[PDB]
file input-v5.txt (compact mmCIF, C-alpha atoms and all ligand atoms)
# COMPACT_ATOMS: atom_id res chain seq x y z
CA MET A 1 0.00 0.00 0.00
CA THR A 2 1.06 3.57 -0.78
CA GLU A 3 2.54 5.30 2.24
CA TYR A 4 3.54 8.92 2.88
CA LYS A 5 5.91 10.08 5.63
CA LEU A 6 4.75 13.51 6.79
CA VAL A 7 6.62 15.58 9.38
CA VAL A 8 5.04 18.47 11.32
CA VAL A 9 7.61 21.15 12.30
CA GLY A 10 7.50 24.62 13.82
CA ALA A 11 7.99 26.51 17.06
CA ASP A 12 6.72 25.35 20.43
CA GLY A 13 3.10 26.21 21.00
CA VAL A 14 1.94 26.71 17.41
CA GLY A 15 -0.40 23.72 17.48
CA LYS A 16 1.58 20.85 15.87
CA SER A 17 0.24 18.31 18.35
CA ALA A 18 -3.30 19.68 18.23
CA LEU A 19 -3.30 19.59 14.42
CA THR A 20 -1.96 16.02 14.46
CA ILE A 21 -4.48 14.80 17.08
CA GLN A 22 -7.34 16.41 15.16
CA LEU A 23 -6.36 14.59 11.98
CA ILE A 24 -5.75 11.27 13.77
CA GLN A 25 -8.43 11.31 16.52
CA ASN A 26 -10.95 13.98 15.43
CA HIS A 27 -10.77 15.80 18.76
CA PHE A 28 -9.18 19.05 19.93
CA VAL A 29 -6.69 18.86 22.82
CA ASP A 30 -6.50 21.97 25.02
CA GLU A 31 -3.24 20.69 26.54
CA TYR A 32 -0.73 18.21 25.15
CA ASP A 33 2.64 17.78 26.77
CA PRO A 34 4.88 20.23 24.84
CA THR A 35 7.91 17.97 25.11
CA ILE A 36 6.43 14.79 23.58
CA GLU A 37 7.45 13.77 20.05
CA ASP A 38 5.43 10.91 18.65
CA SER A 39 4.19 9.39 15.41
CA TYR A 40 0.80 8.19 14.28
CA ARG A 41 -0.60 6.36 11.25
CA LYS A 42 -3.91 6.99 9.50
CA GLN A 43 -5.39 5.33 6.42
CA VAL A 44 -7.01 7.91 4.11
CA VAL A 45 -8.46 8.11 0.61
CA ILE A 46 -7.15 11.20 -1.24
CA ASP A 47 -8.24 11.75 -4.87
CA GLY A 48 -9.29 8.11 -5.06
CA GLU A 49 -5.98 6.75 -3.78
CA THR A 50 -5.90 4.79 -0.54
CA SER A 51 -2.75 5.50 1.39
CA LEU A 52 -1.24 5.37 4.83
CA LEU A 53 -0.13 8.69 6.33
CA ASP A 54 2.69 8.27 8.82
CA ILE A 55 2.80 11.56 10.69
CA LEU A 56 5.69 12.64 12.93
CA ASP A 57 4.66 15.37 15.42
CA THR A 58 7.98 16.87 16.39
CA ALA A 59 9.04 18.21 19.76
CA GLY A 60 12.00 18.23 22.12
CA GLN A 61 15.18 20.15 22.80
CA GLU A 62 16.96 22.18 20.17
CA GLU A 63 19.79 19.79 19.33
CA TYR A 64 21.46 18.81 16.07
CA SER A 65 22.82 15.31 15.89
CA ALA A 66 23.51 12.84 13.12
CA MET A 67 20.72 10.68 14.48
CA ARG A 68 18.19 13.50 14.33
CA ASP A 69 19.37 14.56 10.89
CA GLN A 70 18.82 11.00 9.70
CA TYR A 71 15.31 10.59 10.97
CA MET A 72 14.23 14.05 9.79
CA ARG A 73 15.67 13.13 6.37
CA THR A 74 13.24 10.21 6.21
CA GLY A 75 10.32 12.64 5.97
CA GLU A 76 8.91 12.94 2.47
CA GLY A 77 7.02 16.17 3.06
CA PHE A 78 6.86 18.76 5.81
CA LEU A 79 4.20 21.03 7.32
CA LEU A 80 5.85 24.35 8.30
CA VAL A 81 3.44 25.43 11.08
CA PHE A 82 3.28 28.87 12.69
CA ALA A 83 0.54 30.49 14.70
CA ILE A 84 -1.19 33.54 13.27
CA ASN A 85 -1.05 35.32 16.69
CA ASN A 86 2.68 34.74 17.18
CA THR A 87 5.05 36.71 14.97
CA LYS A 88 8.15 34.98 16.35
CA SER A 89 6.76 31.60 15.25
CA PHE A 90 6.37 33.00 11.71
CA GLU A 91 9.88 34.40 11.82
CA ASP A 92 11.15 30.90 12.77
CA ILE A 93 9.69 29.37 9.59
CA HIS A 94 12.85 30.26 7.61
CA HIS A 95 14.95 28.27 10.06
CA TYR A 96 12.84 25.12 9.84
CA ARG A 97 12.75 25.37 6.03
CA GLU A 98 16.59 25.71 5.89
CA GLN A 99 17.12 22.77 8.24
CA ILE A 100 14.86 20.56 6.13
CA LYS A 101 16.74 21.54 2.98
CA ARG A 102 20.02 20.84 4.79
CA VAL A 103 19.23 17.25 5.76
CA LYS A 104 17.35 16.40 2.52
CA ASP A 105 20.30 17.87 0.58
CA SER A 106 17.83 19.35 -1.87
CA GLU A 107 16.20 22.63 -2.81
CA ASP A 108 13.04 20.71 -3.93
CA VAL A 109 11.37 19.26 -0.85
CA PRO A 110 7.56 18.94 -0.57
CA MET A 111 6.33 21.46 1.99
CA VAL A 112 3.16 23.33 2.95
CA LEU A 113 3.07 26.57 5.00
CA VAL A 114 0.39 26.29 7.70
CA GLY A 115 -0.94 29.38 9.54
CA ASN A 116 -2.70 27.79 12.57
CA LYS A 117 -5.02 29.24 15.24
CA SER A 118 -7.13 30.99 12.61
CA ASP A 119 -10.06 31.05 15.10
CA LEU A 120 -8.30 33.55 17.33
CA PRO A 121 -9.05 37.25 17.08
CA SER A 122 -5.59 38.41 18.15
CA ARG A 123 -3.87 38.05 14.73
CA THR A 124 -0.36 39.48 14.30
CA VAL A 125 0.61 37.82 10.99
CA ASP A 126 -1.42 39.02 8.02
CA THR A 127 -2.71 36.42 5.57
CA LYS A 128 -1.12 38.35 2.70
CA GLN A 129 2.31 38.25 4.39
CA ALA A 130 2.10 34.47 4.67
CA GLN A 131 0.79 34.06 1.10
CA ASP A 132 3.75 36.11 -0.14
CA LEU A 133 6.16 33.92 1.84
CA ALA A 134 4.66 30.73 0.51
CA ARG A 135 4.84 32.11 -3.05
CA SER A 136 8.55 32.94 -2.56
CA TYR A 137 9.12 29.36 -1.41
CA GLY A 138 7.03 27.89 -4.25
CA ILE A 139 4.69 26.05 -1.83
CA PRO A 140 1.02 26.16 -0.82
CA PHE A 141 -0.26 28.14 2.16
CA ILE A 142 -3.22 26.89 4.20
CA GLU A 143 -4.86 28.61 7.20
CA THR A 144 -6.03 26.15 9.84
CA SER A 145 -7.70 25.94 13.24
CA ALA A 146 -7.04 22.76 15.21
CA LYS A 147 -9.81 23.99 17.51
CA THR A 148 -12.58 24.25 14.92
CA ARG A 149 -10.92 21.80 12.51
CA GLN A 150 -10.98 24.42 9.72
CA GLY A 151 -8.37 23.52 7.10
CA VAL A 152 -6.91 20.47 8.93
CA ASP A 153 -7.66 17.86 6.29
CA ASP A 154 -6.72 20.36 3.57
CA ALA A 155 -3.29 20.98 5.10
CA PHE A 156 -2.33 17.33 5.24
CA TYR A 157 -3.92 16.30 1.93
CA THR A 158 -2.34 19.28 0.17
CA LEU A 159 1.05 18.07 1.47
CA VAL A 160 0.34 14.60 0.05
CA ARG A 161 -0.46 16.22 -3.31
CA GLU A 162 2.86 18.12 -3.17
CA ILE A 163 4.69 14.82 -2.56
CA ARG A 164 2.99 13.29 -5.56
CA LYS A 165 4.14 16.19 -7.72
CA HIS A 166 7.67 15.70 -6.48
CA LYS A 167 7.60 11.97 -7.18
CA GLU A 168 6.62 12.62 -10.79
CA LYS A 169 9.86 14.55 -11.50
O1 LIG B 201 19.37 17.78 13.55
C1 LIG B 201 18.25 18.43 13.17
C2 LIG B 201 17.59 19.28 14.12
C3 LIG B 201 16.47 19.95 13.85
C4 LIG B 201 15.92 20.79 14.92
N1 LIG B 201 15.51 20.22 16.09
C5 LIG B 201 14.95 20.94 17.04
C6 LIG B 201 14.80 22.34 16.99
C7 LIG B 201 14.22 23.17 17.96
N2 LIG B 201 13.61 22.60 19.07
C8 LIG B 201 13.26 23.48 20.23
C9 LIG B 201 11.75 23.70 20.43
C10 LIG B 201 11.14 24.25 19.14
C11 LIG B 201 10.68 23.02 18.36
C12 LIG B 201 11.17 21.82 19.20
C13 LIG B 201 12.64 21.46 18.87
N3 LIG B 201 11.09 22.38 20.54
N4 LIG B 201 14.30 24.50 17.90
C14 LIG B 201 14.80 24.98 16.75
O2 LIG B 201 14.93 26.32 16.68
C15 LIG B 201 14.32 27.16 17.68
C16 LIG B 201 14.86 28.56 17.42
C17 LIG B 201 14.19 29.47 18.48
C18 LIG B 201 15.28 29.65 19.53
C19 LIG B 201 16.54 29.63 18.70
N5 LIG B 201 16.30 28.58 17.69
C20 LIG B 201 16.95 28.89 16.36
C21 LIG B 201 15.91 29.65 15.52
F1 LIG B 201 16.03 30.97 15.97
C22 LIG B 201 14.62 29.03 16.00
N6 LIG B 201 15.32 24.31 15.74
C23 LIG B 201 15.30 22.95 15.84
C24 LIG B 201 15.82 22.13 14.85
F2 LIG B 201 16.28 22.81 13.70
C25 LIG B 201 15.86 19.89 12.54
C26 LIG B 201 14.68 20.58 12.19
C27 LIG B 201 14.11 20.47 10.95
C28 LIG B 201 14.81 19.66 10.03
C29 LIG B 201 15.91 18.99 10.31
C30 LIG B 201 16.53 19.05 11.59
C31 LIG B 201 17.74 18.33 11.91
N1 LIG B 202 -7.55 28.59 19.78
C1 LIG B 202 -6.72 27.64 19.32
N2 LIG B 202 -5.84 27.06 20.18
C2 LIG B 202 -5.02 26.13 19.62
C3 LIG B 202 -5.00 25.73 18.21
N3 LIG B 202 -4.03 24.82 18.01
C4 LIG B 202 -3.48 24.59 19.23
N4 LIG B 202 -4.03 25.39 20.19
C5 LIG B 202 -3.62 25.49 21.61
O1 LIG B 202 -2.26 25.98 21.56
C6 LIG B 202 -1.50 25.32 22.60
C7 LIG B 202 -0.31 24.67 21.91
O2 LIG B 202 -0.76 23.61 21.07
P1 LIG B 202 0.18 22.33 20.87
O3 LIG B 202 -0.52 21.46 19.89
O4 LIG B 202 0.58 21.78 22.20
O5 LIG B 202 1.43 23.03 20.17
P2 LIG B 202 2.87 22.37 19.76
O6 LIG B 202 3.85 22.76 20.88
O7 LIG B 202 3.17 22.99 18.45
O8 LIG B 202 2.66 20.85 19.75
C8 LIG B 202 -2.42 24.33 23.32
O9 LIG B 202 -3.06 24.94 24.47
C9 LIG B 202 -3.49 24.12 22.24
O10 LIG B 202 -4.77 23.73 22.77
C10 LIG B 202 -5.99 26.39 17.38
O11 LIG B 202 -6.10 26.21 16.17
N5 LIG B 202 -6.75 27.33 17.98
MG MG B 203 3.51 19.27 20.62
call {"tool": "encode", "arguments": {"input": "input-v5.txt", "output": "structure tokens", "more": "lines below"}}
Ligand SMILES: Oc1cc(-c2ncc3c(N4C[C@H]5CC[C@@H](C4)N5)nc(OC[C@@]45CCCN4C[C@H](F)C5)nc3c2F)c2ccccc2c1
Ligand SMILES: Nc1nc2c(ncn2[C@@H]2O[C@H](COP(=O)(O)OP(=O)(O)O)[C@@H](O)[C@H]2O)c(=O)[nH]1
Ligand SMILES: [Mg+2]
result
Amino acid sequence: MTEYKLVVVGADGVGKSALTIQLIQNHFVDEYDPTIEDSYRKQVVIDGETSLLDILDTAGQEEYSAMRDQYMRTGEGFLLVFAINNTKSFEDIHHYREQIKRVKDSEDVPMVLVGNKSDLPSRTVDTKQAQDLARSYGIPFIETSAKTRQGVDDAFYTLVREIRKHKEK
């Protein structure tokens, strides 16, 4: 069966775990241990294709080791998640994108930019600013809310579609 290895990256607190648990369990977690990195599998049908999504929800200390490089390199596509009420998390997107390119040793890595927490009124990152960033990277931008589930399926399925495009090259 077709399988996709998806990796969810971004600053602490942006909603990586809540996005992952919504996709996998269809519920919103108000609290999920910030330090816990884990992986989950889900069988999905996307554009008629049955596949298994293996999703790594990243966490942990900031450390750079050969072992970490090697397991991040196994990801086939990456969600670059920031929160729309946290400018620093948007500023950190560049860093996560450069580290992914470093370990994949490629400029052409499937990615999707994800602006999460779209339900909150306190926005500090304008939608146009994030659309411009995604355009400069050549990747899709999706606004999500793990809380209301807006955009959650779209973010992950869009990443699968980006992987397919890559595999056709
Ligand atoms: O070997 C690696 C290690 C990594 C990696 N692991 C972990 C990282 C990390 N953690 C700390 C917090 C945030 C998420 C998790 C893991 N909890 N924090 C940052 O940066 C945080 C910032 C804020 C404070 C200063 N720093 C520099 C920049 F200002 C942003 N970067 C990381 C990184 F790059 C890889 C990441 C993606 C792809 C391949 C990778 C290979
Ligand atoms: N209002 C709202 N809160 C969210 C959303 N996503 C996550 N959160 C909350 O933001 C906090 C951090 O989420 P978490 O998934 O732990 O972030 P992570 O550190 O990136 O794994 C938790 O209290 C979540 O309940 C969202 O879309 N909207
Ligand atoms: Mg988490």
call {"tool": "residues_near_ligand", "arguments": {"input": "input-v5.txt", "ligand": "ligand LIG 201 (chain B)", "cutoff": "6 Å", "atoms": "all atoms listed in the file", "output": "short mmCIF file (atom, residue, chain, number, x, y, z; two decimals) with C-alpha atoms, keeping the file's coordinate frame"}}
result
data_model
loop_
_atom_site.label_atom_id
_atom_site.label_comp_id
_atom_site.auth_asym_id
_atom_site.auth_seq_id
_atom_site.Cartn_x
_atom_site.Cartn_y
_atom_site.Cartn_z
CA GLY A 10 7.50 24.62 13.82
CA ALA A 11 7.99 26.51 17.06
CA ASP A 12 6.72 25.35 20.43
CA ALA A 59 9.04 18.21 19.76
CA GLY A 60 12.00 18.23 22.12
CA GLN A 61 15.18 20.15 22.80
CA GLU A 62 16.96 22.18 20.17
CA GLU A 63 19.79 19.79 19.33
CA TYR A 64 21.46 18.81 16.07
CA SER A 65 22.82 15.31 15.89
CA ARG A 68 18.19 13.50 14.33
CA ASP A 69 19.37 14.56 10.89
CA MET A 72 14.23 14.05 9.79
CA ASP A 92 11.15 30.90 12.77
CA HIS A 95 14.95 28.27 10.06
CA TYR A 96 12.84 25.12 9.84
CA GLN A 99 17.12 22.77 8.24
CA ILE A 100 14.86 20.56 6.13
CA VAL A 103 19.23 17.25 5.76
#
call {"tool": "atom_distance", "arguments": {"input": "input-v5.txt", "atom1": "atom CA of residue 119 of chain A", "atom2": "atom CA of residue 140 of chain A"}}
result
20.0 Å
call {"tool": "closest_residue", "arguments": {"input": "input-v5.txt", "among": "A:146, A:160, A:48, A:41", "to": "ligand LIG 202 (chain B)", "atoms": "only C-alpha atoms and all ligand atoms"}}
result
A:146
call {"tool": "closest_residue", "arguments": {"input": "input-v5.txt", "among": "A:109, A:45, A:84, A:159", "to": "residue 128 of chain A", "atoms": "all atoms listed in the file"}}
result
A:84
call {"tool": "residues_near_ligand", "arguments": {"input": "input-v5.txt", "ligand": "ligand LIG 202 (chain B)", "cutoff": "10 Å", "atoms": "only C-alpha atoms and all ligand atoms", "output": "ChimeraX atom specification"}}
result
/A:8-22,28-37,57-60,81-85,89,115-121,143-152
call {"tool": "write_last_selection", "arguments": {"input": "input-v5.txt", "atoms": "C-alpha atoms", "output": "compact mmCIF listing (two decimals), keeping the file's coordinate frame"}}
result
# COMPACT_ATOMS: atom_id res chain seq x y z
CA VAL A 8 5.04 18.47 11.32
CA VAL A 9 7.61 21.15 12.30
CA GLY A 10 7.50 24.62 13.82
CA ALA A 11 7.99 26.51 17.06
CA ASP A 12 6.72 25.35 20.43
CA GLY A 13 3.10 26.21 21.00
CA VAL A 14 1.94 26.71 17.41
CA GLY A 15 -0.40 23.72 17.48
CA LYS A 16 1.58 20.85 15.87
CA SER A 17 0.24 18.31 18.35
CA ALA A 18 -3.30 19.68 18.23
CA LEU A 19 -3.30 19.59 14.42
CA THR A 20 -1.96 16.02 14.46
CA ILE A 21 -4.48 14.80 17.08
CA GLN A 22 -7.34 16.41 15.16
CA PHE A 28 -9.18 19.05 19.93
CA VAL A 29 -6.69 18.86 22.82
CA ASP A 30 -6.50 21.97 25.02
CA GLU A 31 -3.24 20.69 26.54
CA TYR A 32 -0.73 18.21 25.15
CA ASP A 33 2.64 17.78 26.77
CA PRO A 34 4.88 20.23 24.84
CA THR A 35 7.91 17.97 25.11
CA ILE A 36 6.43 14.79 23.58
CA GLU A 37 7.45 13.77 20.05
CA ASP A 57 4.66 15.37 15.42
CA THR A 58 7.98 16.87 16.39
CA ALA A 59 9.04 18.21 19.76
CA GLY A 60 12.00 18.23 22.12
CA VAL A 81 3.44 25.43 11.08
CA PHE A 82 3.28 28.87 12.69
CA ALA A 83 0.54 30.49 14.70
CA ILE A 84 -1.19 33.54 13.27
CA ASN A 85 -1.05 35.32 16.69
CA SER A 89 6.76 31.60 15.25
CA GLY A 115 -0.94 29.38 9.54
CA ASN A 116 -2.70 27.79 12.57
CA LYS A 117 -5.02 29.24 15.24
CA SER A 118 -7.13 30.99 12.61
CA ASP A 119 -10.06 31.05 15.10
CA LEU A 120 -8.30 33.55 17.33
CA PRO A 121 -9.05 37.25 17.08
CA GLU A 143 -4.86 28.61 7.20
CA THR A 144 -6.03 26.15 9.84
CA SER A 145 -7.70 25.94 13.24
CA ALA A 146 -7.04 22.76 15.21
CA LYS A 147 -9.81 23.99 17.51
CA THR A 148 -12.58 24.25 14.92
CA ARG A 149 -10.92 21.80 12.51
CA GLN A 150 -10.98 24.42 9.72
CA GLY A 151 -8.37 23.52 7.10
CA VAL A 152 -6.91 20.47 8.93
call {"tool": "closest_residue", "arguments": {"input": "input-v5.txt", "among": "A:23, A:93, A:56, A:125", "to": "ligand MG 203 (chain B)", "atoms": "all atoms listed in the file"}}
result
A:56
call {"tool": "residues_around", "arguments": {"input": "input-v5.txt", "residues": "residue 78 of chain A", "least_positions_apart": "4", "cutoff": "7 Å", "atoms": "only C-alpha atoms", "output": "VMD selection string"}}
result
chain A and resid 6 to 9 110 to 112
